[PDB]
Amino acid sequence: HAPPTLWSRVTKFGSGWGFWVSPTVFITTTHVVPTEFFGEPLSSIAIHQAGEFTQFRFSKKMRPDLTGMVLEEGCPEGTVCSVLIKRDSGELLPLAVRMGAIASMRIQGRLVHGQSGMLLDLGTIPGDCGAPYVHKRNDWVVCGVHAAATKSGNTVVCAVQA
């Protein structure tokens, strides 16, 4: 069960969402970033982007209220994560996912350093991109941000860091 403080890391961002990993670190899917971030000129931030995974490091502490959590490069295969989806209506929609393997993918012409998974009635929509994939290890670990799903809904992909 994900607690409110965890949910509160999920933040409306561009055409999708992002996740406050720590008071200074925000992660999201590259193709939702618009073309200032939370009232910071672009020169303020350490932006690292690769494979549809964007990470922002801010200068000032943007979410002092959070404890920093562990950002892993994906998760061990087979693992079950929760996808912490917020809808524009405010509904919280935690989706459980059995994580397949990490792999380079080409999805609608973009290179995704991603990890696939199977759902476990509900599925992802456009607008859900950037929502975090998480599991608890006395910790909560974030291993990905939502990037794609198949025309169906069975399989979803999250972009992972390198």
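The first residue of the sequence shown is number 1, and the count goes up from there. Definition used throughout: the rigid core is the maximal C-alpha set that superposes within 1.5 Å between two forms.
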query: Positional deviation of Cα atoms in 7 other deposited structures of this protein after core superposition, greater for 144-152 or 7-15; finding: 144-152
query: Farther-lying stretch by C-alpha RMS in 7 other deposited structures of this protein, rigid core as reference, of 94-102 and 123-131; finding: 123-131
query: Unmodelled stretch of the deposited sequence separating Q108 from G109, binned as none, 1 to 3, 4 to 9 or 10 or more; finding: none
query: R137-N138 interval: deposited residues absent from the model; finding: 1 to 3
query: Greater mean Cα temperature factor according to the PDB record, 88-96 or 74-82; finding: 74-82
query: Mean C-alpha B-factor comparison - 121-129 and 37-45, higher one; finding: 37-45
query: Which of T24, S15, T150, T11 ranks first by CA B-factor in the deposited coordinates; finding: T150
query: Out of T29, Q115, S59, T67, highest CA B-factor residue; finding: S59
query: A159 CA temperature factor, ranked by third within the chain; finding: lowest
query: For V141, the third of its chain into which the C-alpha B factor falls; finding: highest
